[PDB]
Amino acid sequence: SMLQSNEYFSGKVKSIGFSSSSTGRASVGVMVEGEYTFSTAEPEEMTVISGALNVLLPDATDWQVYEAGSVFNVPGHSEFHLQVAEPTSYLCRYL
């Protein structure tokens, strides 16, 4: 199995990518305070492990605050936006 450490946005997001039978392709990581735009290939399932994300999805008007334990889905071939206050850890699965 391959594990790889990845960084994005000048080090404000860092993650470990992997692949397993139960998750498919996935990454766990952390984001620090900031505002981020992400683009998807495959649809993504995001789980907030600790902290919180303010989430703007392309097909719905309102931002929504996702605190620890919550799960959201992003469509494929899309753009979504996040806002982060305190360091926030997450699991992302590429569906």
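Quick note: we count residues from 1 along the sequence shown, nothing fancier.
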Mean C-alpha B-factor comparison - 24-32 and 56-64, higher one: 56-64
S19 CA temperature factor, ranked by third within the chain: middle
Chain third (lowest, middle, highest) by recorded CA B-factor, residue given as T40: highest
Relative C-alpha B-factor of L91, binned into the chain's lowest, middle or highest third: lowest
Where the record places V13 (Cα B-factor, split into thirds across the chain): lowest
